[PDB]
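Take a look at this single chain, the form deposited in one PDB entry, given in structure tokens.
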């Protein structure tokens, strides 16, 4: 059956720390593609807002920038239902998805006509990561 809870989606969630740690390892893109992130998109009433987003690709931007203790030119091609955009890795959160964020994501997904991921797909991804 299909994913319905934030906890489930958490097993393929990548923190900014991990991304920072891995962004120079070959097959970074193979590893992170299909994973999900909690992406910071700005402020709402002067309070930071975040979104569930799927990594659909890794981009090599024209600009090297600072990511914690390292530097990279990489960006994440991130999908939130119908919305797809490239974000710098620095805007990824290290925190888990709120139920709220997850529900908003579900709503965007249904509005878009996009099937949610199954647990099989998710477990496949998780396992793959755990191995390499």
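Residue numbers count along the first chain shown, from 1.
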| request: Could you settle it for me: does 103-111 or 74-82 have the higher average Cα B factor in the PDB entry? | output: 103-111
| note | The stretch carrying the higher mean Cα B factor in the deposited entry, 89-97 or 44-52, is 44-52
| task | Going by the recorded CA B-factors, say which third of the chain residue 119 sits in, lowest, middle or highest. | result | highest
| By the record's CA B-factor, is residue 9 among the lowest, middle or highest third of residues in the chain? | highest
| Taking the entry's C-alpha B-factors for this chain, is residue 68 in the lowest, middle or highest third? | lowest
| said: Taking only the Cα B-factors deposited for this chain, tell me whether residue 19 sits in the lowest, middle or highest third. | reply: lowest
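Note that the form solved in complex with a partner chain isn't included here; everything after this is about it.
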| With the partner chain left out of view, which of 33, 94, 73, 77 would have a heavy atom within 4.5 Å of it in the bound PDB entry? | 94
| message | Residue-level contact is defined here as any heavy atom of the residue lying within 4.5 Å of the partner chain in the bound PDB entry; does residue 103 satisfy this criterion? | response | no
| said: So in the bound PDB entry, is the partner chain close enough to residue 29 to count as touching (4.5 Å, heavy atoms)? | reply: no
| field | Residue contact check: residue 40 to the partner chain in the bound PDB entry, 4.5 Å heavy atom | value | yes
| Do residue 11 and the partner chain come within 4.5 Å of each other in the bound PDB entry, heavy atoms counted? | no
